[PDB]
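# Chains, contacts and geometry: an overview
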Amino acid sequence: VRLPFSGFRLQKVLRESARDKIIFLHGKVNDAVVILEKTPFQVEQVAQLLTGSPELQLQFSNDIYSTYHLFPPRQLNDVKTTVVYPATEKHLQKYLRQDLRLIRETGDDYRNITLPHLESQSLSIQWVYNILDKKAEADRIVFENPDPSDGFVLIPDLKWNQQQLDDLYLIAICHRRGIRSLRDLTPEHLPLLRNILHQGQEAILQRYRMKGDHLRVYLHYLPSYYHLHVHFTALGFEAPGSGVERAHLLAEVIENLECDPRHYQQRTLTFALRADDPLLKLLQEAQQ
Amino acid sequence: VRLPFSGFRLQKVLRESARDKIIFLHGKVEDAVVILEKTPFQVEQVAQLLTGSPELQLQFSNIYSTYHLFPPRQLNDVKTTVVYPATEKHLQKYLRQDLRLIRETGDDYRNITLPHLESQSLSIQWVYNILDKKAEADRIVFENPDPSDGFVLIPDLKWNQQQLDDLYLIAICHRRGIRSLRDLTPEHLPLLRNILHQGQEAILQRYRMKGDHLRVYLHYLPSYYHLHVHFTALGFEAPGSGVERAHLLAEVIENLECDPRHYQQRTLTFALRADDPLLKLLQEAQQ
Ligand SMILES: *S(=O)(=O)c1cccc(COc2cccc3nc(N)nc(N)c23)c1
């Protein structure tokens, strides 16, 4: 009916979504958070104003094409205003999205900069180890090829509620300890990868009756943790990770290693890093 | 101003993405396709209305409370893209058919895809008109007018230019004839390095946006068969940044440098509409 407080004072923009037409804003009042979402169109309201005389402003016109800047009446001007009053730092945390900067890492950049940095920051992958030795999430196992070397475990991702196929997000993990990232891959890793590709998709087609042509099979680089795991997502589903600056198709990771054996050891890989991430500056610096 | 024609008569709705806040509509006027996109917010025009007295209508209250808001004219902008006239080829590209992934080997292109595309793809003419400065001439941000190794940097139709967040620009090569990523040989290497570096530098001058904030990719399979390079803002969830379509210019160059016959022989992955006939031609060639 109005405002919960008295006046807003914009401090920082928590999150942004230009694709989704939404804005997330933090503000001090009398702390609180305000969210604005541009409402999606209504078939009837739009068609009705179209057959009439609307306000149009020509941006440009080339060939059969032409764009306009439009201003519709009150009924089509709705915006979703979600207000969270009050809010704290444990809410600013999982609701703010940081700046992203792209970096191109040479064969040598990894060897001499990235890898020694990663060796410094003691990462715990005990949760993975526990999944592999069936100590944890044992029930969720969809498939397992228990070969110690060429073997893997196919489990559905934890955020997938498994109530629909549309958002199918499964994640395989190789049994062989030691493969940190996509950079540790040599032709000796080729059979373990082919099993994860074909054996995984077949486990999926048996358990979920989902054909290979409906599946995106990719690897992340730089990954969230350093122990080779492959993503298996439903094709129609678009979820941060399918982005060209991070995803590497298993189909091609295999075709590449088949052609150039030393490929992922020497070839320059592109990925983004958080502005706050210290590694980003270490590479920016090594490259000047 | 008003529409290019006289009155609209809605036929069918091509696409309606509630997540993207966009509507695709077909209407007889002859034929005409109209697209409406709810414009993404602008830091300033939002912050300014916030410190004031806005129109709010309580939907619900928990401490979770939602409101229905009505902002002034400036914040009421909608992107109205009109295609007049719209052929049956326009009326199919914009529908929503189930996506199926396909892997094209070197020979699959040579023997199946390429002869299909030669049968007919799309009218380029809008591109030609931009390149010959017949159209959108003023909007050109950059040009290296070399006939072979030259290009043109113009911002995308899919960009209102009112914010950096959704930055979408293009780099159309001046050299007519390069259809897709598959037409690329070492002779096109200087042409690409020109669109890589020269492009980013025309962006950093006009928009003061550093290279580290930019996604420079190529599409495969593309919307039109005449080599064009996408230049998108990194934070922007750009429709086309998907691994099953995008190819980073940085790497297209690196792969060409290594294997000269790379994009002519190497197996490329891309998705196709269930309705797309090419999809079936490859599915069939592979059985
Ligand atoms: S059309 O069917 O709407 C279509 C088919 C294939 C590709 C496109 C690309 O977008 C444009 C078309 C015409 C003009 C234009 N001008 C500029 N500067 N950028 C773009 N991106 C387009 C449309």
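About the cut-offs
- Residues numbered from 1 in each chain as written, not as in the entry; some residues may be left out.
- Chains lettered and ligands numbered in written order.
- Heavy atoms only, no water.
- Helix = DSSP H or I, 4+ residues; strand = E, 2+ residues; numbered from the N terminus.
- Buried < 20%, exposed > 50% of the residue type's maximum accessible area, 1.4 Å probe, protein only.
- Areas by Shrake-Rupley, 256 points an atom, 1.4 Å probe, with all protein chains shown as cover.
- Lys, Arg positive; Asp, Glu negative; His and termini not counted.
- Charge placed at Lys NZ, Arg CZ, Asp CG, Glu CD.
- UniProt positions renumbered as here; feature names shortened; annotations may be inferred.
- Contact = heavy atoms within 4.5 Å.
- Polar contact = N/O pair within 3.5 Å; in protein donor to acceptor, adjacent residues only side chain to side chain.
- Buried area = accessible area lost by both parts, 1.4 Å probe.
- Salt bridge = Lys/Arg side-chain N within 4 Å of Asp/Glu carboxyl O.
- Nonpolar A, V, L, I, M, F, W, Y, C, P; charged D, E, K, R; others polar.
- Domains from an automatic or database assignment.
- Core = buried A, V, L, I, M, F, W, Y, C linked by side-chain atoms within 4.5 Å.
- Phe/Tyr/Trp six-rings, centres within 6.5 Å; stacked < 30°, edge-to-face > 60°.
- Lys NZ or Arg CZ within 6 Å of the ring centre and 35° of its normal.
- Near = heavy atom within 4 Å.
- Pairing = 2+ DSSP bridges.
- Axes fitted to C-alpha atoms, helices over the stretch in contact; angles between N-to-C directions.

### Focus: the overall build of chain B
Helix and strand counts for chain B stand at eight helices and 14 strands. Across the 287 residues in chain B, those meeting the buried criterion constitute 55%. Carbon and sulfur atoms form 50% of the exposed surface of chain B, whose accessible area is close to 12700 Å². Averaged over its 34 positive side-chain charges, chain B has a centre that lies 3 Å from the centre of its 36 negative ones.

### A look at the UniProt feature "active site" in chain A
Residue and element names in this part refer to chain A. Taking the UniProt record as the reference, the feature "active site" is found at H229. The residue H229 is located in strand β12 (residues 229–234) in this model. Excluding residues that lie within four positions of it along the chain, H229 makes contacts with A172, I173, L219, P223 and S224. Here the side chain of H229 touches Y225 through a polar contact of 3.0 Å, side chain to side chain.

### A short note on the interface of chain A and chain B
Accessible area lost when the parts come together is the quantity often used to give the size of an interface. Listed per partner, the contact involves 91 residues of chain A and 103 residues of chain B. Here chain A and chain B share an interface that buries about 8900 Å² over both sides, 56% of which is from carbon and sulfur atoms. Per-residue buried area on chain A facing chain B is highest for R19, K38 and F41 of chain A; these three make up 9% of the total on that side. In this structure, the connection of chain A to chain B is made through 13 salt bridges. Its salt-bridge partner being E37 of chain A, residue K21 of chain B comes within 2.8 Å of it at the nearest N-O pair. If you look at where chain A meets chain B, you find 44 residue pairs in polar contact. Residue classes in the side of chain A that touches chain B are distributed as 47 nonpolar, 22 polar and 22 charged.

### Here we look at the domain arrangement of chain B
Residue and element names in this part refer to chain B. Taken domain by domain, chain B holds domain 1 (1–97) and domain 2 (98–287). Placing a centre on the C-alpha atoms of domain 1 and another on those of domain 2 gives a separation of 27 Å. Across the boundary between the two partners, domain 1 contributes 11 residues, which contact 16 residues of domain 2. Summing the contributions of domain 1 and of domain 2, the shared interface buries around 1200 Å²; its carbon and sulfur component is 49%. It is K79, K89 and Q97 in domain 1 that bury the most area against domain 2; as a group they hold 43% of the surface buried on that side. Taken together, the connections running from domain 1 to domain 2 amount to three residue pairs in polar contact. Secondary-structure elements contributing two or more residues to the side of domain 1 that touches domain 2 are β6 (78–83) and α2 (90–93). Residue classes in the side of domain 1 that touches domain 2 are distributed as two nonpolar, five polar and four charged.

### Examining the nonpolar core
Core analysis: the largest hydrophobic core is formed by 58 residues, its most contacted members being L185, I196 and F232 of chain A. Counting residues per element, this core draws most heavily on helix α5 (residues 190–207) of chain A, at seven residues. Residue assignment places this core across two domains, with domain 2 (95–124 + 244–288) and domain 3 (125–243) of chain A each supplying three or more. Sequence-distant contacts of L185 of chain A, defined by excluding residues within four places in its chain, comprise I179, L193, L219, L228, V253, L257, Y264 and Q265 of chain A. Membership of the second largest hydrophobic core comes to 52 residues, among which are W159, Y207, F270 and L279 of chain B.

### So, the packing of aromatic side chains
All names here are of chain A. All told, the structure shown has 16 aromatic pairs over all chains when counted by the stated rule. Pairing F143 with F152 gives two aromatic rings, centres 5.5 Å apart and planes at 40 degrees, and the pair type is tilted. Overall, the relative accessible area of 23% leaves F143 in the partly exposed class. Residue classification places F152 among the buried residues on the basis of a relative accessible area of 0%. Among the aromatic residues, those joined into a ring-pair cluster are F5, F8 and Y85. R177 extends its terminal NZ or CZ atom over the ring of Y129, reaching a point 4.1 Å from the ring centre.

### Comments concerning the site of the ligand
Taken together, the neighbourhood of the ligand is formed by 18 residues, with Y65 of chain A together with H90, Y94, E136 and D156 of chain B sitting nearest. One chain alone does not account for the residues near the ligand; they come from chains A and B. Here a nitrogen atom of the ligand sits 2.7 Å away from a polar atom, N or O, in the side chain of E136 of chain B. A distance of 3.3 Å is found between a nitrogen atom of the ligand and a backbone nitrogen or oxygen belonging to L157 of chain B. Look at the ligand: alone it shows 500 Å² of surface, and the protein chains cover 97% of it. Counting only elements with at least two residues in the shell around the ligand, the list comes to α2, α4 (126–131) and β9 (151–155) of chain B. Residue composition of the shell around the ligand, grouped by class: 11 nonpolar, three polar and four charged. Residue contributions to the shell around the ligand reach at least three from each of two domains, namely domain 1 (1–97) and domain 2 (98–287) of chain B.

### Re the UniProt feature "active site" in chain B
All names here are of chain B. When the UniProt feature table is mapped to this numbering, "active site" covers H228. Mapped onto the elements, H228 comes out in strand β12 (residues 228–233). Judged by relative accessible area, which is 4%, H228 ranks as buried. Filtering out sequence-adjacent residues up to four positions away, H228 remains in contact with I170, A171, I172, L218 and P222. Separated by 2.8 Å, the side chain of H228 and the backbone oxygen of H226 make a polar contact.

### Details of the sheet that holds strand β6 (residues 79–84) of chain A
The strand order across the open sheet formed by six strands is β1(A)-β2(A)-β3(A)-β6(A)-β5(B)-β4(B), and the pairing between neighbours is antiparallel. A strand with exactly one partner marks an edge of an open sheet, and here the two such strands are β1 (10–17) of chain A together with β4 (56–61) of chain B. The average angle at which neighbouring strand axes cross in this sheet is 20 degrees, direction not considered. The pairing of strand β3 (residues 32–38) of chain A with β6 of chain A spans six bridges and is classified as antiparallel. Each bridged residue has a counterpart across the sheet, and for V34 of chain A the counterpart in β6 of chain A is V83 of chain A.

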